[PDB]
Amino acid sequence: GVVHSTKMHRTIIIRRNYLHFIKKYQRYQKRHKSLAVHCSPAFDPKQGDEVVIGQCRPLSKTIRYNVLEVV
Amino acid sequence: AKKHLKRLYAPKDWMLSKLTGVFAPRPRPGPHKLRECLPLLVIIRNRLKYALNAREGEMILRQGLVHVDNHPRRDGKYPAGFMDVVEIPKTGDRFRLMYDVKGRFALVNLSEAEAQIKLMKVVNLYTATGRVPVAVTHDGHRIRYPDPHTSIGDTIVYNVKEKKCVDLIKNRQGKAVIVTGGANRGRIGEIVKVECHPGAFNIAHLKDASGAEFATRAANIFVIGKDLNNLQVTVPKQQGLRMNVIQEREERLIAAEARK
Amino acid sequence: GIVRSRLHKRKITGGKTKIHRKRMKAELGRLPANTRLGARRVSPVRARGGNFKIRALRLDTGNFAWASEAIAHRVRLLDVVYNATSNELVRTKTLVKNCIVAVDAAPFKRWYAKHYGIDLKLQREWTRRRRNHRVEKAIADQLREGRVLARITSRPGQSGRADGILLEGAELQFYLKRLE
RNA sequence: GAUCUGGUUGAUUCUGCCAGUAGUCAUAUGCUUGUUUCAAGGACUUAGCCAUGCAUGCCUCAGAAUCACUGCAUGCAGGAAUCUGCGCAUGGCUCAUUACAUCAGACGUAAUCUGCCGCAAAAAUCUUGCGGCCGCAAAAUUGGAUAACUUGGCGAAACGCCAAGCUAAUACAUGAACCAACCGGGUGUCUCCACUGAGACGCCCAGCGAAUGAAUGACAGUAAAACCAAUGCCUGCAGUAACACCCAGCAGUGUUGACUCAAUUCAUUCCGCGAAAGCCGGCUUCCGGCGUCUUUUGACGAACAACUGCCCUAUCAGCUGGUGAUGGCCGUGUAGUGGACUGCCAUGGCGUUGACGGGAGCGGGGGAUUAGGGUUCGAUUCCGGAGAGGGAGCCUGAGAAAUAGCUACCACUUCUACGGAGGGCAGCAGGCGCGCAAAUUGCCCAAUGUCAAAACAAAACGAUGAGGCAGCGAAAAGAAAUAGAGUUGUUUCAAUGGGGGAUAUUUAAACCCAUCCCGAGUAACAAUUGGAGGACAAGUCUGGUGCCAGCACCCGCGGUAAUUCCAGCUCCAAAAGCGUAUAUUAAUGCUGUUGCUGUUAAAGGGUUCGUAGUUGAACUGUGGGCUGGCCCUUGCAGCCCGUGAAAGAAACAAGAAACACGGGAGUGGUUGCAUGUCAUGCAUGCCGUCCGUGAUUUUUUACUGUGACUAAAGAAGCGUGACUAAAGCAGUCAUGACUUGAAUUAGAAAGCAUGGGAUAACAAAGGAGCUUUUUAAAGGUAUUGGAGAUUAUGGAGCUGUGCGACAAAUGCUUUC
RNA sequence: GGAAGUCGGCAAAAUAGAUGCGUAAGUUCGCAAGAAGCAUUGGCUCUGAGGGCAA
Ligand SMILES: [Mg+2]
Ligand SMILES: [Mg+2]
Ligand SMILES: [Mg+2]
Ligand SMILES: [Mg+2]
Ligand SMILES: [Mg+2]
Ligand SMILES: [Mg+2]
Ligand SMILES: [Mg+2]
Ligand SMILES: [Mg+2]
Ligand SMILES: [Mg+2]
Ligand SMILES: [Mg+2]
Ligand SMILES: [Mg+2]
Ligand SMILES: [Mg+2]
């Protein structure tokens, strides 16, 4: 995903953009999803960057992922 | 806490008719899984016709007349599964449970010598108290001192009369296997290569005796011998060779015409 | 009773969840122990699966370890001195995990004399033991004063025990300044 | 079957609606109905209210009988009853709630719990008898209490109760030394060496599981040699798993993609753990079936999390917000993760790609209709969820926030001697209401299952309104009677069912079907429901009525000569069925993606600017040469496959090249003589790859081809003369065989592996932030027997000097 | 008991400070508004936050 916001402490918001197919009108439409990810002090991502995240146990009310690599 | 099983929800391999009852016998926990077993009542009433109904099945089973792995079993809900040995000494019958080429359960007749051993697949290895290595098997057995070369993919030849291991077969590139699950269940092939995808399912590529290629997941293969010509167990009649559907129908039509 | 489900919480959109099922026993909570310092008193609790939790109401003794020497001793607890959650817990003298306490230092002094022959048979293994070994001045100062600071490492409301470890190194200096 | 017809005009050609027409396991109502097979059946409205009865219990050879119980002669049993152990959290019913909830496909728990079932494990423990704390011995002959029962009873009753006396255990409590091992930690008296070291001896303490603390849970970037002290082996460094004797190989080696996990040692601390102190059987012993405590792993489950998808509405545009809203830190609570919760801190999280609010709805598998694309239904058999009048709370238990369990309140409601005591059909039958709208207060455990103290049988029959069977039943679906053949100008001939019975058959018992006989001539054993101007098949018929009565889905008939009303006759359509009403699919290219219209029929905004959004120009790119005068068809083979340049250098290849790993490769892949002998040494020898780890740098997505993984029922269809068929999965042929059969396919989207590069998408950039190699020199880990220290010499990188060789995509013998 | 008294609620009773939450129709958009209404408050022993100038 791509980094959307970095305002929280040690946690970021990422966005996943994708195309969804409608069968009746044989065409696509744009959609997106948002996730909260824990970011360790080993990385320093910036808005607009791309990251790789991996699933883990629940860490807060919304956090289920951890940053593994920054591209 | 489920203790019933509707007939429509029962496995298709049991071959129970939809019109002759609402329920089917629910297997108990035991050596084999509920979805991959065959309860003793189904073996004795259907398949073999020694019992005409459940009342006669109970009479036979609760006397201890049926032995599974050299032990009398008195429960009609006991789950029997792949590579189990079933003996009825009063009748004088010995069978092994296998998969035919179509993936259905098959009873293979055995000689007295062949009825003393069974093949066991390792599924886990751990250390018990006192630093004792233990190997866990696909049928729930726990072996307390396996061979130091044992791995999770291997097969153990096990003597059930003496309760002792005799041989070990390793999962390698040049070994013969049989498929125990999926769309290719019952096919016998030879390993060509194994693909490793860490964190996901490994994929095995196999070659049939006729040269046909097929693949399965690594958790569905069972080593049975060092090559396609030296198998340590007896297999069903078709020898695990899938046959063309068009060809198979043509032979059946010809056989019917000649028989009549 | 007390529940631990997320049904009563708001959604991240701020909307309200409409609940269409009653409360289940598999999501319960229970009242806190609030363990205090005093003569021993515990209460057993039957938890899920038939197992028992020991709920400690009052404790005054524990098993405390000196990590550098890899030993342990049973000593009497004297006071609660610091708590990171709030100092109202220090005022009431509540025992919880990771709180700082002062324990009796007499058993540790006796072990030092009997193991190194140092006061703070022919076979003198003491000379071998003192070789390439030294003690910190911060610890020895407290051992002479009578009481030494320690950190609770167990959960008294879950196991009924109050065990801990002595403070050494930079962690000791951190809490000494916060108490000064 | 990829189909249309009637109605706007005096005539015509359009747009456009109204009407006609065919289905519905799709409901209800009207008129009719001989035979047989297969079936739905109080969901819609009132998750409204309920009289009565029944729906969950269990005993074997193998847990407890002194019934003042019963036979028969000391052994039995319906052994009544009670205590004990297991179950009652399943099944059945219903659809009220519900939109980041539930659910489907696909996944996780390394965040957890788990009775019954399978395969396993077990060396802690000072007990008993006798005699006088000690001594002698060993098949440890352990203790107290309660039911049933008896006596006295209380109360109008109550699935309500009191006191006393007896007595069982597989209920409860207590409790086992020596036989009987290996291994370790801490400490005192004796011998010896040297001037410390070794060995006794004593003395402690060392089981499974739980808690805290400390170690282990490997290695896998350089090699030759000195110097000290302590050690090993030779008579100075050859040879060399480790270890001061009983053991000279009694672990130098757990698993995973990954672990603070498995397991082991040390210190301190629990303060749950019987060999049931059990029961039968076979032969004085021996042997065999059960039963139970603790520990540990499979299986069967439970609980939690969420990758993609999931109706209408803007006359609903802002929502949440330390008052928990998004996140952080130390805690608490939980079986466990977590704002789940307390304290303190920061100011976040969501929204036109539709948040928040409102409305109608349980979600799927699937049903109807359809050339294709689609539209619509799904309370209801299988799977998932939720509930038991409403709402909360809880005990027991492995599992419940249980309701044919408990507690309270609210609304209804039953009995009473007035003191008090009860109730929960959205289980099966039934009843009242409500309505357009839906069965018998029946028989049985024979089959299918579930429970369990349990094969069956024998004095000797477990329960089961789950489930099955029949009764009612034109919802719907198959097959099918109401005759047939003849001779002359109205008279004969056979045949058969409906029906009535059977030595019988079926069935748990009955019933139905099937099999077989006394029986048809108005074969009275008698067919109906709608129509006859047009759409639309079928009358200039005959009476009656006279814009009245009435018909008519639409257009229209009826005012004294009605093709249309009321009737008779005769004809038409479908036929054991046929009309009417209301919904819904097609008809409908009248919702249009495929595929509609917008000058005048309804419809281009008065004109511009502009943000999300949709759409967006070209280019990096003919491979060539030889066989069967250019070019093109074929079949051949082989090419550094433009040009340079012959082990290297050009081009590629992170799927690759560099490094290293004997705990890498079933023993280290492929191309009777020695070593040891104290030996279970019973031993040991006669170039391309594989596997682990480090260094070095880079391409996705999308589309498309395969493959993997994916409940039945339902759909498609392979075989099969249930007499055919709707069906079903069976059956066929000569002390049995067919080594019988039950094939195969499609199922959205998302997720998984791989190969192909044309059309495209994402991201980056905005072009001045843009050399290699070979020798000489100066400066600053590993091997020496192993273990601990000090030390030079070198490897390698860091750099500043000279030298040799070769390139350069832009001329330095150059420009200014 | 609570306006029945009286021409008439005259007179009397009644409300009440401070702080948090909350607040209708109408409107000249300023108000209406202290609209209406709900809750807390003593004493004692503690804890936190809010500064200056001297090295
Ligand atoms: Mg009981
Ligand atoms: Mg935490
Ligand atoms: Mg729908
Ligand atoms: Mg209410
Ligand atoms: Mg009823
Ligand atoms: Mg007529
Ligand atoms: Mg007329
Ligand atoms: Mg008043
Ligand atoms: Mg008055
Ligand atoms: Mg008056
Ligand atoms: Mg006044
Ligand atoms: Mg006020």
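Every chain is numbered from 1, with letters handed out A, B, ... down the list of sequences. The figures that follow rest on heavy atoms only: side chains count, while hydrogens, waters and symmetry mates do not.
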Report yes or no: is D/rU332 base-paired to D/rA340 (Watson-Crick or G-U wobble, both distances under 3.5 Å)? yes
For a quick check, tell me whether the side chain of C/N63 and the base of D/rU269 share a donor-acceptor pair closer than 3.5 Å. no
Given Watson-Crick or G-U wobble geometry and both distances below 3.5 Å as the test, should D/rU488 and D/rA110 count as paired? no
Is there a Watson-Crick or G-U wobble pair linking D/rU326 and D/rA346, both distances under 3.5 Å? yes
So B/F201, base contact, sugar-phosphate only, or nothing? Heavy-atom distance under 4.0 Å. sugar-phosphate
Need one value for A/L59: base, sugar-phosphate or nothing, where a base atom within 4.0 Å counts as base even if backbone is also close, heavy atoms only. sugar-phosphate
If the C1' atom of D/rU231 is compared with that of D/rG666, how far apart are they to the nearest Å? 41 Å
Could you tell me whether B/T137 contacts a base, only the sugar-phosphate backbone, or nothing, with contacts defined as non-hydrogen atoms closer than 4.0 Å? nothing
What nucleotide, of D/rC113, D/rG336, D/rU448, holds the atom closest to the side chain of C/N51? D/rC113
For C/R30, which contact category applies under a 4.0 Å heavy-atom criterion: base, sugar-phosphate, or nothing? sugar-phosphate
Take the six-membered rings of bases D/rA123 and D/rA124, measure centre-to-centre distance and interplanar angle, and say whether these fall under 5.5 Å and 30° respectively. no
Does the D/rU70 / D/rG610 combination count as a Watson-Crick or G-U wobble pair, both distances under 3.5 Å? no
Planes under 30° and centres under 5.5 Å for D/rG378 and D/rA379: no
Check the distance between D/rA743's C1' and B/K12's NZ and give it to me in whole angstrom. 11 Å
Among D/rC451, D/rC116, D/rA263, which nucleotide sits nearest the side chain of B/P29? D/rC116
Can B/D75 and B/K77 be counted as an ion pair, charged N to O under 4.0 angstrom? no
Check ion pair B/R45-B/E56 (N to O, under 4.0 angstrom): no
Stacking of D/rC554 on D/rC555, centroid gap under 5.5 Å, tilt under 30°: yes
Compute both the distance and the angle, then confirm whether A/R31 meets the cation-pi test with A/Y18: under 6.0 Å from the six-membered ring centre, within 45 degrees of the axis. no
Write down the distance separating the P atoms in D/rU127 and D/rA177, rounded off to the nearest Å. 9 Å
Donor-acceptor pair under 3.5 Å, C/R155 side chain vs D/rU332 base: no
Salt bridge check: are C/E27 and C/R23 linked by an N-O gap of less than 4.0 Å? no
Sticking with atom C1', work out how far D/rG363 lies from D/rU97, rounded to a whole angstrom. 14 Å
Face-on cation placement of C/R131 at C/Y116 ring, 6.0 Å and 45° thresholds: no
Is the base of D/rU269 syn or anti, if syn means a glycosidic angle within 90° of 0? anti
Using the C1' atom as the reference point in each nucleotide, state the distance between D/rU37 and D/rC117 in Å, no decimals. 47 Å
Within this structure, what is the OH-to-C1' distance between A/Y28 and D/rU308, rounded to whole angstrom? 15 Å
Candidates D/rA742, D/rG399, D/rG338 - which lies nearest the side chain of C/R46: D/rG399
Of the listed nucleotides (D/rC304, D/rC117, D/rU332), which one gets closest to any side-chain atom of C/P32? D/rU332
Kindly check if D/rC38 and D/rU37, neighbours in the strand, have base rings whose centres sit closer than 5.5 angstrom and whose planes are less than 30 degrees apart? yes
Two-distance pair criterion under 3.5 Å, Watson-Crick or G-U, for D/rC237 and D/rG232: yes
Taking D/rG786 as the reference, what is the distance to D/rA238 when you measure between their P atoms (whole Å, please)? 11 Å
Output field: Watson-Crick/G-U pair D/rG331 D/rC341, thresh under 3.5 Å: yes
With heavy atoms under 4.0 Å as the rule, sort B/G181 into base, sugar-phosphate or nothing. sugar-phosphate
Picking from D/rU352, D/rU334, D/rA742, which would you name as closest to the side chain of A/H32? D/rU352
Is any NZ, NE, NH1 or NH2 atom of the basic residue among B/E195 and B/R217 found under 4.0 Å from an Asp or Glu carboxylate oxygen of the other? no
Of all the nucleotides listed (D/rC382, D/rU332, D/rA120), which has the minimum atom distance to the side chain of B/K6? D/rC382
Can you see whether A/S5 engages A/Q47 through a side-chain donor-acceptor pair at a distance of less than 3.5 angstrom? no
With E/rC38 and E/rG20, is there a Watson-Crick or G-U wobble pair, both distances less than 3.5 Å? yes
Should B/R187 and B/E213 count as an ion pair when the cut-off is N to O under 4.0 Å? no
Choose from D/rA335, D/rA299, D/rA753 the nucleotide whose nearest atom is closest to any side-chain atom of B/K33. D/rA299
Using a 4.0 Å heavy-atom cut-off, does B/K237 contact any base of the nucleic acid, only the sugar-phosphate backbone, or nothing at all? base
Tell me whether the bases of D/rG354 and D/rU353 count as stacked, where stacked means ring centres under 5.5 Å and an interplanar angle below 30 degrees. no
Whole-Å distance separating the CZ atom of C/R131 from the P atom of D/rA229: 16 Å
Do the bases of D/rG209 and D/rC270 pair up, Watson-Crick or G-U wobble style, with both gaps under 3.5 Å? yes
Could you tell me how far D/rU376 sits from D/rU313 if I compare only their P atoms? Round to whole Å. 13 Å
Identify which nucleotide among D/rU296, D/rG328, D/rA401 has an atom closest to any side-chain atom of C/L28, counting heavy atoms from C-beta outward. D/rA401
Distance check, P atoms only: D/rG289 and D/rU294, in whole angstrom units. 25 Å
For D/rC245 and D/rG278, measure between their P atoms and round to the nearest Å. 49 Å
Tell me which nucleotide among D/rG393, D/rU450, D/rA711 gets nearest to the side chain of C/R23. D/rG393
Please confirm if D/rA39 pairs with D/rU615, counting Watson-Crick and G-U wobble geometry and requiring both distances below 3.5 Å. no
Do the side chain of C/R10 and the base of D/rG349 come within less than 3.5 angstrom through a donor-acceptor pair of N or O atoms? no
Pair B/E248-B/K102, salt bridge (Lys or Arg N to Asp or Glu O under 4.0 Å): steps then yes or no: CA-CA 12 Å; B/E248 190 173 359; B/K102 295 180 178 309; 3.3 Å; yes
Touch check for B/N124, heavy atoms < 4.0 angstrom, all strands: base, sugar-phosphate only, or nothing? sugar-phosphate
Consider the side chain of B/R55, meaning its heavy atoms from C-beta on, and name the nucleotide among D/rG338, D/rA401, D/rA447 that approaches it most closely. D/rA447
Does a Watson-Crick or G-U wobble pair link D/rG731 to D/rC738, with each of the two distances under 3.5 Å? yes
Starting from P on D/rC456, measure out to CG on B/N53 and report it in whole angstrom. 13 Å
